[PDB]
Q: 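One structure, as structure tokens, below. Some questions next.
In the text below, chain A, chain B and the rest are named by the order of the sequence lines, each starting its count at 1.
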Amino acid sequence: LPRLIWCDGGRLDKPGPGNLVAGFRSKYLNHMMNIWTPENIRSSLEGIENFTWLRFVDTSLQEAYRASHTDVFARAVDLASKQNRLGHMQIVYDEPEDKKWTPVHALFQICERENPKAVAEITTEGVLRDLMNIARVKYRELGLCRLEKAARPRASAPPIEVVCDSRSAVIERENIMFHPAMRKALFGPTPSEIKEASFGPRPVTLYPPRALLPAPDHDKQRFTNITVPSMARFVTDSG
Amino acid sequence: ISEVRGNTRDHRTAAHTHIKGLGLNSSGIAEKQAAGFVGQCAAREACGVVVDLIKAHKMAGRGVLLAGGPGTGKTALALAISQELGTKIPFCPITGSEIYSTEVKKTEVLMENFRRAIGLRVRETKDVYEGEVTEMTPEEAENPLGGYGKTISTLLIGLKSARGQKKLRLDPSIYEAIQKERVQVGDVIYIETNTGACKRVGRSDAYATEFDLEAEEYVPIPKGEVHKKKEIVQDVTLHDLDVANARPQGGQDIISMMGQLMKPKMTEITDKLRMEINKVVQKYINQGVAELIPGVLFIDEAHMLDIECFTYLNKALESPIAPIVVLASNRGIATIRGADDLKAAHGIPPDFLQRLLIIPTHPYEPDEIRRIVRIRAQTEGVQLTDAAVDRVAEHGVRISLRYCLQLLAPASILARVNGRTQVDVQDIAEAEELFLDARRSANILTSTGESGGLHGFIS
Amino acid sequence: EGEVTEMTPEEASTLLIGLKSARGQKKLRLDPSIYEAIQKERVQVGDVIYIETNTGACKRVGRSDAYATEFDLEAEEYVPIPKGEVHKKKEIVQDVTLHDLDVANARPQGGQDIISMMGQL
Amino acid sequence: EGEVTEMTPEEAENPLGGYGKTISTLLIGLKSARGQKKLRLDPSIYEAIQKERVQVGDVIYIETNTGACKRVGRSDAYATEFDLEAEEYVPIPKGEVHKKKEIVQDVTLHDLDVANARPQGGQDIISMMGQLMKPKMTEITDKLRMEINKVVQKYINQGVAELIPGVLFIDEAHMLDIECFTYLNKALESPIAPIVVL
Amino acid sequence: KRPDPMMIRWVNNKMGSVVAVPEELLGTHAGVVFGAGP
Amino acid sequence: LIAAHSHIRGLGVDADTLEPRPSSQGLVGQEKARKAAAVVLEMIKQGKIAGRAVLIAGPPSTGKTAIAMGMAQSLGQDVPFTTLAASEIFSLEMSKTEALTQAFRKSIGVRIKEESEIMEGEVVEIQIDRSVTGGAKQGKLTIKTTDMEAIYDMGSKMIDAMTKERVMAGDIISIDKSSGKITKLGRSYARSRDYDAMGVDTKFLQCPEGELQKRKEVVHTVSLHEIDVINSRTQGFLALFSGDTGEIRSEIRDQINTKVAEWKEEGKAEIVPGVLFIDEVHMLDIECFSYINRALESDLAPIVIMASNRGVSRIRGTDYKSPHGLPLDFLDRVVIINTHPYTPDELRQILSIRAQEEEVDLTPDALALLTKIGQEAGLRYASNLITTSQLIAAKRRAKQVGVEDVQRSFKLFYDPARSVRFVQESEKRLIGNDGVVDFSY
Amino acid sequence: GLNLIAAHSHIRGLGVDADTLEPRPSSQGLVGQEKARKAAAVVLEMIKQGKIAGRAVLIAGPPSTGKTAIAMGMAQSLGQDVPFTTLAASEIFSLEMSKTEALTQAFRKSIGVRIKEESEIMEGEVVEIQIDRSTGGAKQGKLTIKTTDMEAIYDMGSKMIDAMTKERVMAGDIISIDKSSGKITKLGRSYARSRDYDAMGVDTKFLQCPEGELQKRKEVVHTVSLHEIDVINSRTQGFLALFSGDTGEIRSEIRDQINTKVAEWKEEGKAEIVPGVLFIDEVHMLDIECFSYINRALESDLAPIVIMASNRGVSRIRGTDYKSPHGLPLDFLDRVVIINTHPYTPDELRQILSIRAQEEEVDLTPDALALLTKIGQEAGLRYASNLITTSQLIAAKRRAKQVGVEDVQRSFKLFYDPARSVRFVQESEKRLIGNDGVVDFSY
Ligand SMILES: Nc1ncnc2c1ncn2[C@@H]1O[C@H](COP(=O)(O)OP(=O)(O)O)[C@@H](O)[C@H]1O
Ligand SMILES: Nc1ncnc2c1ncn2[C@@H]1O[C@H](COP(=O)(O)OP(=O)(O)O)[C@@H](O)[C@H]1O
Ligand SMILES: Nc1ncnc2c1ncn2[C@@H]1O[C@H](COP(=O)(O)OP(=O)(O)O)[C@@H](O)[C@H]1O
């Protein structure tokens, strides 16, 4: 691509000389004339006005404003730093005199304040716990986590890249295609962060509390299509 | 915090609010007027056997058809069955219209509702310690390990509930939970004996004045015993087990967490999962720790199902763990919705119709209509003159039961805006003239819509 | 718009940024947040940058070619120093539509929604 | 290839990114039967090693084409019964630590199309997340197909590849429709279309 | 021999259980639960 | 619970001569169809023949499902027996062709053999090291028999399992080193008293004996479809159970077919061909049949058993009628088995079997009347009256179902023929095919 | 190469005099169709001048009368310098997007933006690299590089050292550096250093040293379609959707912004607009909703010229139950001019078969050519052209050097033409599956 398109305002969202619209439109549509900003929400927070419910959904005006502006990956990382306390209340606030107590600011969080799962975690014989785990128990019992792969892709490629002879394009490739905050979320804290979190005089939180990359479904193949020969093949592939 | 409303908490009223049951003797014979029913004595006796079939838990996947004209009480009988069974028995009502999901094939929607209609009751013991943390105190070990600065043999926690105080001599490993949950003195926690860990509910509101500002909510002290051991009864449908297995909820990873933040579309769950669920459910039933509760799937306007739905119900009804299915239809001889050249009775395919116990509901005599008018009036709280009861029942005979019942609320208002608490003929005669029935409205369409060029109906 | 002459912290976080053009210099007190915007652009002393000080947008235009011989090869885009005034004030009449407001309020847009690059859902 | 003899990360103190620190490189020592090297890996290759759960004393494989890492096993120097987990104890790799392997591969043009439409081979974030999302067919553009013709033409001109055009057998071809047949009128004009048997 | 500065050890046997804490972690926030904070 | 085919417990044929007994294993009559089905069981059990399509045809009832369910009961657990209602093939997640491909491949098993090592012993000591504020974990397990004791290193996955399972000293545990599953079995001595919240008391066990390790052969059977799903993905194997698979690409299945042949010759796997039972197959459309024509031709095709109630009937997606509702170039590939309507002596036997299965004690007069009702109203209706009459008899506290209870059941519940008369007698008060109705008295 | 022989491979252009637009009776691979080729030559003049926007031309004629041939002739005579978009009407029926979106995208692919950009580029053979790692790496380093005319040392900045170590540059490598961005591309390896390359197999190729200045201002010309600018602006890596194809229905306010932006670049002279052409083969497969869209999409200043082909008579318009010429509504045909293609005479059939035989590798005897020409008159030009390949393969199997009449006669006997195959189904009617689904399997 020519740098006219890829760098110098042929991209509508990126502000600069020769894209005078984008900086204005970024500020006004995301902040000034934006319904989710706390100053706008605070005008609508009452009566039958459109944010009336916000009082009861267990989220701040700041949290409503973050959830409207961050993408579903960033929100999923923020969701890692949170606790199922309404599910713990189901364990504790239990007797008739507890009157199924719920924080009034969390009143509408009905389906998490009451559901069977949390109780099944806590009972001494896990009948409803095991019933909710059948699918993954069956999967592992069949050994499908350990059986060799019977197929793989015959070809594999890295993503296509824009080639543009500007330094900004190279910087942007690193910012997006090798995105630091997403990578840090997936792979978690660095070794000095673990030291600095562990030896301090007071506790401290970490950007992700843990590595957020999932466990691989296959115990031996993991996240790669590399395969390794074995003695079973070696014995049997000569008659 | 929230301002309680003190004055009134009375019920609303809907088309079937008067129906309280099937109104049957201990012999099962129908009483001619009971539990809000008038007449239908044969259909009520048949539905009484259906209630006994369901309540006996012997049988799976029997079909029932309520057959009869519109307004003949078929949904009244279904709602009466649900009330005779009581809320412990699952009752899943749908129309046949509700099966046409955009997210999944309509046979999955039908099978979801089919397994919503099957309940499971599981009895377990819950066993936890609870309170605000009054104290936390290590015990040094008598044989400390070499090279380590401290060795702890016990970790004492004081727990206080509203009803007592106890010193828990815990295993030292609970340090892990205390650090990770950040348990302080004055925090409300529980410890569960099946793990030995703890979880933090919050800070006790006994401490809500520690600071002018702190960023946490405060929670009441537990109003139970400090040690809660009791049996708990959990009711789940087998559909709840399908979803709990096909869409696991608790996942800690990025993909699970992005998942629970996005639109949670339903999915065409496999027979392999449902069969594996059935086989493990049956293990626990044979162990006696769970009991199956077969309920009712009620399909209203069952003539809205198509031939693909019915041919699936053949398979579904043959499975060993299945509800009783009740269908209702009023469509005479009609085309099957998916087979534009097959006409059959009830709009039900003849192949499928052979499976069903069929219950006919007949029309009402004028005196039955008049009795229903009085039952409906005393349910809507309307007070009538006997001449007004007769005039309303006349519309019930000449026009429709539904139409005459629907005039009672307009006439009640028209009476009180003349200062009268009792509705009389003058009010009925105005309600019936403000509020037309279908047929008189259709006569206006025929008369004024004789031409369409201007001021005429669109046709 | 100018060559960066200074990037000095002035708060416990607020900078002073010095900007230069062929026609003079100016210093700007920076809000902590536009400073982070300037810091996410890989701006350093000797770079040429553009700032919309009202909207809070900024862009690294390049490195000033007075530094072009820092090395004989570097992977860098050397540009001349701006020849005009370092500060420019312009009246712009900006149009949007109520649908642009719909779109902007319904979902995170543009550089907010980086995960959108994956397609599918 | 080698037994991992030492493994040591080195760190960047990012001031204002908000994600905290990042790791700037990994130094890793690989030992084979014939020799030894110490590699200063790029962060994206260390992320491949992190995904592969490598530890000191493991034998590993690092394909520099992809930057992928495979853990072959524990080194046979640690071969002991007394681990609860069924480890692969494997001997030290023979030959040099650094190798070049020649492999002859059979692929179709469709395999190339698909590989480049939904990429999974890199250690970038798009490739990484592409391995986690549900597999999904997509309406691959003619731009990608003409680009892959040029890629394959270069493999042919380099002499590393030969073309093997084959056949598509459409059984039950009466079950096609007028839009399909109209599309074949374009598709069969393509200068590398197969032979089609109906 | 000296234990790992960052790892707390739990052990259990016929006599019951103990936890043992590195002296490098006493005087940190991790020591507080053992009665040995800053 | 009791269901429609619960009494069917086999095919009711002599395993030597394949001769159907007139009553056996819950099946009555249909002897030609039951003998033909017994021959198809041999084709299935031998497995050498691929892709024979058998159609069971007949009018409604007459046991087409009953015979197919008898075959399922005769094959037992190891062989796949996929049942489809043909209406399940229409899907929004995938094409009809893909839905058929998945159901065909669900019907082929792959019996993998694995060798595994299990530990079993008394835990003498357990030690775990945990990082502060981090994931790093290590540990050691000291475990014992009457004849061995050893100390095993533990990884993070074991330490998670050990604490999830709350492994404590004195517990008897077994560890499958291949899967990594830990299970407790009991305790060598009482749970120690000093600590609170230590959980429920276990079974007692004496200590295990002999060597700590032992090897164990374990056998797993998975479908070709299950292998398809696992291999089309890096991640998301939950699609095995959720559906949610998408349309799996054909070059994946080519590879799996090759590798499964390789696994068979290598002796890693035994392929186990089963059956796809498609029920009421006339619900498939012309595109489905055109696909099935050639799906049958693979050497990995299952034997396909089909049922149809249909006469000469319109093919779906098609202008024109055909026998069984099936197209002729499809029927060219199909052998047909015909079921026939029952004799009264057969109805009496079937009703007796249903009554026994439902635990209902009919009087001989009630059985005679139910048999007569069975002739006039159908076998399904007369079987419904058995359950109904039992309930009515119980409400009057009778020991047995009398003619009184069958007559009251017949009075309360209409049969299809009598319901059709009721519909004809009330055509004005029921809604017509043109939507007109009268609500007035 | 990769490119095999296909149906149209012989077409190299339109075969028309550039001065007068008079078509030659045969040239550039096109025989006859002179009135139609002259009309197509006037359309090329309209396309190349760019002035007129949104003309729609229909090529109407019977099957196998060179409607696609003329369309290939136009594409070949415009060359790579102009956007030419080849749409089969069947492609508009996407599941990814609506029909009108797919038609918008097709129109937007057919307008180019042409942009000229310089870079300094450095190209030469590497004489030496040294790098100092202290031990974190890339502290400093020096590159020595040469051409046949020039040699220089460069002191390297640390990010160039990262580029050099990433691309494993070593002595003897011939490299180019795009110094405006610092990507380095290894153009090859010098032959003069062949023995340094101990890790390179014998299949490795080697270049000569580069020539002239080590540094040159290379000028690149880019053409990017409006559709590419649209798709780029659709999401964070929207350009990937130009390949995977999962563009959604791209919002029209994005396109309106881009239309304004490109008109700005045109007036500033930063870019030029290059109107191309959209070709819609089998336009009769579009429906009434497509045609009513196309009506007004042609009215834009950013409309390409559109060219369409139809075989159809008075035929049913799709999405309606009435019939119209070419299968197209008169509502649309009012805004269209029609070019009509005729059937060929025998000498034109002879010439086309000859050209097809010379484009294929086929030595054809005069009597075989005469026989194939008669078959062409009786069975159609496509069938006779398919027999050329067949007869060559038969001749080759009997080891013959030329295709003789004997080989054409085997081909004619083995493979039926459409008229003989129609007769075959009429005579075989009871054994084939009829439109009522009936068939008899018996002898
Ligand atoms: N036997 C009855 N006794 C009392 N109310 C009845 C009776 N039958 C019908 N109704 C009432 O009259 C109305 C019509 O009955 P409904 O069950 O809605 O008819 P259907 O379901 O057959 O259309 C409802 O409001 C219902 O509550
Ligand atoms: N020959 C038979 N022996 C025993 N039970 C039978 C026989 N035929 C039918 N039945 C029973 O009667 C019912 C109807 O037969 P079914 O197999 O459902 O007929 P269809 O051929 O329509 O599927 C089933 O409950 C079945 O168990
Ligand atoms: N005038 C011509 N000159 C050269 N080749 C031609 C001519 N007309 C047709 N052909 C060739 O004959 C074949 C059939 O004509 P084609 O244009 O494909 O058919 P249609 O007009 O139906 O699209 C093609 O291979 C084409 O290249």
Side-chain angles (χ1 to χ4, degrees), chain B residues 105 107 306-308 311-312 314-315 338-342 351, chain D residues 169-178 180-181 198, chain F residues 40 50-58 64 68 82-91 94-107 247 250 275-298 300-338, chain G residues 431-441:
Chain B
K105 70 187 173 196
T107 51
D306 77 357
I307 189 153
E308 293 176 2
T311 51
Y312 185 73
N314 285 323
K315 185 195 180 196
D340 299 328
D341 51 28
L342 173 62
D351 184 342
Chain D
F169 173 50
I170 317 187
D171 204 350
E172 310 294 353
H174 61 81
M175 284 295 105
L176 299 181
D177 64 45
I178 186 63
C180 303
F181 293 115
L198 308 182
Chain F
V40 177
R52 290 284 157 86
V54 183
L55 173 61
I56 315 179
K64 304 178 290 306
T82 308
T83 71
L84 277 176
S87 299
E88 296 182 66
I89 291 305
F90 305 91
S91 172
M94 66 190 68
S95 300
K96 296 165 302 193
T97 295
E98 175 64 20
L100 287 160
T101 316
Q102 292 188 6
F104 272 64
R105 294 178 75 80
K106 282 166 185 175
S107 310
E247 300 179 335
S250 57
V275 293
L276 177 59
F277 178 48
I278 315 184
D279 200 2
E280 296 313 317
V281 187
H282 56 76
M283 294 311 302
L284 298 181
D285 74 8
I286 195 63
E287 292 172 0
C288 300
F289 293 117
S290 302
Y291 177 68
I292 295 159
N293 281 351
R294 310 305 176 169
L296 290 167
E297 300 179 325
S298 179
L300 292 171
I303 285 164
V304 183
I305 298 164
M306 294 186 296
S308 182
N309 276 330
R310 289 297 182 277
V312 173
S313 292
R314 189 174 178 175
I315 300 149
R316 301 189 72 215
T318 314
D319 290 0
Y320 50 78
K321 303 192 178 179
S322 188
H324 313 283
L326 269 50
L328 297 179
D329 54 354
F330 181 66
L331 287 165
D332 191 37
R333 300 161 204 264
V334 173
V335 288
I336 299 98
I337 297 176
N338 276 281
Chain G
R431 191 64 188 78
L432 291 165
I433 309 183
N435 214 24
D436 202 27
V438 295
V439 58
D440 185 357
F441 312 122

Q: I'd like to know if the side chain of B/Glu308 and the backbone of B/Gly338 have a donor-acceptor N/O pair within less than 3.5 Å.
A: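 No, B/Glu308 side chain to B/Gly338 backbone: no donor-acceptor pair under 3.5 Å.
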Q: Is there a donor-acceptor contact under 3.5 Å from the side chain of F/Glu88 to the main chain of F/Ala85?
A: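 Such a contact is found between F/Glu88 side chain and F/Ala85 backbone.
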Q: Taking all non-hydrogen atoms of both residues, which atom of F/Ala53 and which atom of F/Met306 are closest, and how far apart?
A: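 In terms of heavy atoms, the two residues are closest at CB-CE, 4.0 Å.
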Q: Check side-chain contact (heavy atoms from CB on, under 4.5 Å) between F/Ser308 and all other residues, then give those that pass, not counting sequence neighbours.
A: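 Once residues adjacent in sequence are excluded, the partners of F/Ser308 under the side-chain contact (heavy atoms from CB on, under 4.5 Å) criterion are F/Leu55, F/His282, F/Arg310, F/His324.
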Q: Taking 4.0 angstrom as the limit, do B/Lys315 and F/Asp279 come out as a salt bridge?
A: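 Here B/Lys315 does not pair with F/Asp279 in a salt bridge, since their nearest N and O are not under 4.0 Å apart.
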Q: Say you draw a straight line from SG of D/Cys180 to CE of D/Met175; how long is it, rounded to the nearest 0.5 Å?
A: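 D/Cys180 atom SG to D/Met175 atom CE measures 11.5 Å (nearest 0.5 Å).
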Q: Would you give the length of the straight line joining atom CG of F/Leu100 to atom NZ of F/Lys106, rounded to the nearest 0.5 angstrom?
A: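 One gets 10.5 Å once the value is rounded to the nearest 0.5 Å.
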Q: Rounded to the nearest 0.5 Å, what's the gap from CG on F/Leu84 to CZ on F/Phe277? Could you check?
A: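 Atom-to-atom, F/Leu84:CG and F/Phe277:CZ are 10.0 Å apart.
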Q: Please lay out, stage by stage, how F/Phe104 and F/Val304 fare under the test side-chain contact (heavy atoms from CB on, under 4.5 Å).
A: CA-CA 9 Å; F/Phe104 272 64; F/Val304 183; 3.9 Å; yes
Q: Locate the shortest heavy-atom distance separating F/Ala86 from F/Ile278; write the atom from each residue and the value.
A: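 Shortest heavy-atom contact: CB-CG2, 4.1 Å.
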Q: Drop me the distance from B/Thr311's OG1 to F/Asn309's CG, to the nearest 0.5 angstrom.
A: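 Result: 11.0 Å between the selected atoms.
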Q: Got more than 12 heavy atoms from elsewhere within 6.0 Å of CG, F/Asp332?
A: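 Above 12, so yes.
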Q: With a 3.5 Å cut-off and sequence neighbours excluded, list the donor-acceptor pairs that the side chains of residues 283-294 of chain F form with protein atoms.
A:
{"residue": "F/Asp285", "atom": "OD1", "partner": "F/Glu287", "partner atom": "N", "Å": "3.0"}
{"residue": "F/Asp285", "atom": "OD1", "partner": "F/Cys288", "partner atom": "N", "Å": "2.9"}
{"residue": "F/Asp285", "atom": "OD2", "partner": "F/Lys96", "partner atom": "NZ", "Å": "2.7"}
{"residue": "F/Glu287", "atom": "OE1", "partner": "F/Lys96", "partner atom": "NZ", "Å": "3.0"}
{"residue": "F/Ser290", "atom": "OG", "partner": "F/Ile286", "partner atom": "O", "Å": "2.9"}
{"residue": "F/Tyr291", "atom": "OH", "partner": "F/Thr101", "partner atom": "OG1", "Å": "2.6"}
{"residue": "F/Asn293", "atom": "OD1", "partner": "F/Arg333", "partner atom": "NE", "Å": "3.1"}
{"residue": "F/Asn293", "atom": "ND2", "partner": "D/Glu172", "partner atom": "OE2", "Å": "3.4"}
{"residue": "F/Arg294", "atom": "NE", "partner": "D/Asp171", "partner atom": "OD2", "Å": "3.1"}
{"residue": "F/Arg294", "atom": "NE", "partner": "D/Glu172", "partner atom": "OE2", "Å": "2.8"}
{"residue": "F/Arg294", "atom": "NH1", "partner": "F/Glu297", "partner atom": "OE2", "Å": "2.7"}
{"residue": "F/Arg294", "atom": "NH2", "partner": "D/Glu172", "partner atom": "OE2", "Å": "3.4"}

Q: Please tell me if the side chains of G/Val438 and F/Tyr320 come closer than 4.5 Å, counting only heavy atoms from C-beta onward.
A: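 No - every pair of side-chain heavy atoms lies 4.5 Å or more apart.
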Q: State, to 0.1 Å, how close F/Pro327 and F/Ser322 come at their nearest heavy-atom pair, and which atoms those are.
A: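 For F/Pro327 versus F/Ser322, the nearest heavy atoms are CA-OG, 4.0 Å.
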Q: Measure the spacing between CD1 of F/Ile303 and CG of F/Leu276 and express it to the nearest 0.5 Å.
A: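 One finds 11.5 Å between CD1 of F/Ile303 and CG of F/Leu276.
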Q: Answer yes or no: is there a donor N or O on one side and an acceptor on the other, between the side chain of F/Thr318 and the main chain of F/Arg314, under 3.5 Å?
A: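 No; judged by distance alone, with no hydrogens or angles, the pair does not exist.
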Q: Using the side-chain contact (heavy atoms from CB on, under 4.5 Å) rule, take G/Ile433 and D/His174 through it: C-alpha gap first, then chi angles, then the decisive distance, then the call.
A: CA-CA 11 Å; G/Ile433 309 183; D/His174 61 81; over 6 Å; no
Q: Show the nearest heavy-atom pair for residues F/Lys64 and F/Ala307, with the distance to one decimal.
A: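 Looking at all heavy atoms of both residues, the closest pair is CB-CB, 4.3 Å.
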Q: Which heavy atom in F/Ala295 sits nearest to a heavy atom in F/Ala301, and how many Å separate them?
A: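 Shortest heavy-atom separation between F/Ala295 and F/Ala301 comes out as O-CB, 3.6 Å.
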Q: Output the distance between atom CG (F/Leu326) and atom CD1 (F/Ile315), rounded to the nearest 0.5 Å.
A: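 These two atoms lie 7.5 Å from each other.
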Q: Shortest non-hydrogen contact from D/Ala173 to D/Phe181?
A: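 Looking at all heavy atoms of both residues, the shortest contact is O-CZ, 3.5 Å.
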